[PDB]
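Asks: Sharing a structure, written as C-alpha cells. Questions coming.
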Amino acid sequence: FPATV
Amino acid sequence: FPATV
Amino acid sequence: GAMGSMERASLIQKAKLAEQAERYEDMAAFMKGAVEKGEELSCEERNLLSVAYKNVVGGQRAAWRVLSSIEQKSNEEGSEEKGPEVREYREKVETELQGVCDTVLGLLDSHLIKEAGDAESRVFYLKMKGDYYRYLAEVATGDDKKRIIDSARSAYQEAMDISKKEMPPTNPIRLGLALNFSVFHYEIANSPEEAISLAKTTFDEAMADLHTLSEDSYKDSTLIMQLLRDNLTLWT
Amino acid sequence: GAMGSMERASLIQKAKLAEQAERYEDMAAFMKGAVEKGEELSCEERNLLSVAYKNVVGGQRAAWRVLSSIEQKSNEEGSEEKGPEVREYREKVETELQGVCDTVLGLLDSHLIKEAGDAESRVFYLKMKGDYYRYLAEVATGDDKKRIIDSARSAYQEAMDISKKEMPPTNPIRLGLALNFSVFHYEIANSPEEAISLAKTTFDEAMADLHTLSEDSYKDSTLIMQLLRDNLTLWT
Ligand SMILES: C=CC(C)(C)OC[C@H]1O[C@H](O[C@@H]2C3=C([C@H](C)COC(C)=O)C[C@H](O)[C@]3(C)/C=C3/[C@@H](COC)CC[C@H]3[C@@H](C)[C@H]2O)[C@H](O)[C@@H](OC(C)=O)[C@@H]1O
Ligand SMILES: C=CC(C)(C)OC[C@H]1O[C@H](O[C@@H]2C3=C([C@H](C)COC(C)=O)C[C@H](O)[C@]3(C)/C=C3/[C@@H](COC)CC[C@H]3[C@@H](C)[C@H]2O)[C@H](O)[C@@H](OC(C)=O)[C@@H]1O
C-alpha cells in the first residue's frame, strides 16, 4: 500500500 | 495506569 | 433486537470476522445477538464476548480520560473560562460509556450468570460483572459512587471465593480475576495494601503450580503472571 | 440534522476535543454540523473536516480489505464453502463505507466547492472530492466502476490545473494532491507510468523551490515530499 495524505 | 485483562 | 433474524452460528462466525477486522463495535453487537438466543456460550464464545466489549469500552475510557483531564485543567486557578463545551462533550462520552456498561451488565444478569453452573463460566461472568461495575465506578461522581464500588467488590469477591475453591492457581481466568480485583483495590477502593497483597500471593501461588503444567498450553497464564509482576513493580 | 441546535463555534471547539480524544466519528459529525451552518470554513477548519473523515473512512477501508481478502480466499480452488456470512459482512462494511463517502461528497457538493473562490480552499475541496470518489472506486464492482473512476480523475484534474496556476510547487495542498492523484493512477486507473511521472516531476519541482522557504514553516511539505519519495521507491 502506497502513501496518501 | 496498571494492567488489567 | 437487530440480530433476532440471524442464525446463532452466523453471529459467532461474524463476530470472529469482526475480530480479525478490528471492528469491535460490530463484534460486540454480533455477540450480544448470540447471547440473546438464550443458549449458554462455550469457552471460545465467552472469550469473543469479553474481548469485544473490553475493546469497545476500552476506547471510551481512553477518550473519557483525555476529556476529563482537559476539563480538570480548565478548572485550575488562572485557566481561561472556555464555556460549557468540554463538560458537555465529556458527559456525552461518559453517558455512551455508561450505556455500554449497562448493556453488558444486563446481558450478565439476563441470563448468563444465573445459567452458569461450571466454575470457569461462573467465575468468568462474575469477573466481567466486577469489571463493568468498576468502569462505572471510574466515572461515578454522585450518590451512586459507593453503591457501584460495592457491586464491583461484591461481584469480584464471589468470583474469588469460587475460583479459590474450584480452580488451580495457574488457571488463566483465576489469574486474570485476581489481576483485575487487585487493580480495583488500588485504583478504585483506595486500598493499595490489599492490592499489593493480592497480586503478590496470586503471583507466588501460581509460581508454585507451574510444575504441574504442559509446556506450554499456558501462554495466557504466563502473560497474566507477567502483568501481576508489572503491577507489583509499579506499585512497590 | 442533529447538530442544528449547536453553536458553530461550539461544533469547531468539540471537533478539536474529539481530535485529541481520537474520537473521529464524533469529530466528523461535529464538522458536518459546522459545514451545514452554511458559512465557508477557514484553513484550520478545513483541516479538521478532512482529518475527521480520512480517519473514519480509513478504518472502514482497512476493515473492508481484511474482509475482502478473507472472501477472495474462500473463492479459491479447494477452499471450504463457508456460506453467505463473509460476503454479507463484507457488504455491510462496504455499504457503511459508501454512505460515508456519499455524505462527504454531498457536503462538497452542498455547498463547499461552489462557494470556494481562493485557490487553497478550491484545490483542497477538489482533492477531497477526488479522494472520496477514489475510495468508492476501490470497492466498485458493477456498471458504475468506470463512471466513479472518471469522477475521481475529473475532480483531481481540475484541482491540478488550479494548483499549477495558483500555487508554488512546495505548497502542501498542491503536494498532497499530486501524491494522491499519483496513487490514483497507480492503484485505480491502471496507469503506473503516469503515477511515477507525476510523483517524480512533483518531487523535482518542489526540490527546486525549497530555497524560497523559511526554515521551517514547511514541515507538512517536507513530510509529503518524503511520501512521494517512498512511493517512487515502492514503485521503481
Ligand atoms: C478473541 C479471540 C481470540 C483473539 C482468538 O482469543 C483471545 C485469547 O483467548 C484466550 O485467552 C483469554 C484472554 C486473554 C489472554 C490473557 C491473552 O493471552 C495471550 C497469550 O494472548 C486476554 C483476552 O481478553 C482473554 C479472552 C480474556 C481473559 C479475561 C476475561 O475475563 C472475563 C480473564 C483472563 C483471560 C483468559 C479468559 C484467557 O484465557 C486464549 O487462551 C488466548 O490464546 C492464547 C494462545 O493464549 C487468546 O489470545
Ligand atoms: C487536525 C488538526 C491538526 C492535527 C491540528 O492538524 C493536522 C495538520 O494540519 C496541517 O497539515 C495539513 C495536513 C497533513 C500534513 C501533511 C501533516 O504534516 C505534519 C508535519 O504532520 C495531513 C493532514 O491530514 C492534513 C490536514 C491534510 C492534508 C491534505 C488534505 O487534502 C484535502 C492535503 C495535504 C495536507 C495539508 C492540508 C497539510 O497542510 C498542518 O500544517 C500540520 O501542522 C504541521 C506542524 O505540519 C498539522 O499536523
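Residue numbering: from 1, along the chain as shown.
So this one's X-ray crystallography, 2.1 Å, going by the header.
A Cβ is built for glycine as well, from the same backbone N, Cα and C atoms used for every other residue.
Copying in the features that the PDB entry gives for the protein in this structure:
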type   : residues : note
SEQADV : D:1-5    : expression tag
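I grabbed these lines from Swiss-Prot:
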type    : residues : note
MOD_RES : D:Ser10  : phosphoserine
SITE    : D:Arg61  : site 'Interaction with phosphoserine on interacting protein'
MOD_RES : D:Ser79  : phosphoserine
SITE    : D:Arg134 : site 'Interaction with phosphoserine on interacting protein'
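Can you tell me where each of these features sits in the structure?
Replies: Only residues 6 or more beyond the boundaries of the expression tag (D:1-5), in the same chain, are considered here, and those with a CB under 8 A from a CB of the stretch are 11, 29-30, 32-34, 36.
The Cβ of D:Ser10 (phosphoserine) lies under 8 Å from the Cβ of no residue that sits 6+ residues away along the same chain.
Other Cβ atoms within 10 Å of the Cβ of D:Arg61 (site 'Interaction with phosphoserine on interacting protein'), summed over all protein chains shown, number 17.
On its own chain, D:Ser79 (phosphoserine) has D:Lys73 as residues at least 6 apart in sequence with a Cβ closer than 8 Å to its own Cβ.
In the three-state DSSP classification, D:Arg134 (site 'Interaction with phosphoserine on interacting protein') falls within a helix. Sequence-distant neighbours of D:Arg134 (site 'Interaction with phosphoserine on interacting protein') (same chain, 6+ residues apart, CB-CB distance under 8 A): D:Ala152, D:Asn180, D:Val183, D:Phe184, D:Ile188.
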Asks: Where does D:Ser79 (phosphoserine) sit by DSSP, helix, strand or coil?
Replies: coil
Asks: With DSSP assignments reduced to helix, strand and coil, which class does D:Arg61 (site 'Interaction with phosphoserine on interacting protein') get?
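Replies: DSSP call for D:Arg61 (site 'Interaction with phosphoserine on interacting protein'): helix.
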Asks: Which recorded positions out of D:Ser10, D:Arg61, D:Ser79, D:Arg134 lie by ligand 2, going by a Cβ under 6 Å?
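Replies: Going through D:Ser10, D:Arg61, D:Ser79, D:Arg134 in sequence order, none turns out to be close to ligand 2.
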Asks: Take the recorded positions D:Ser10, D:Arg61, D:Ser79, D:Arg134 and keep those with a Cβ under 8 Å from any chain C Cβ; what remains?
Replies: D:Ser10
Asks: What is the number of residues in the expression tag (D:1-5) that are helix, strand and coil, as DSSP sees it?
Replies: 0 helix, 0 strand, 5 coil
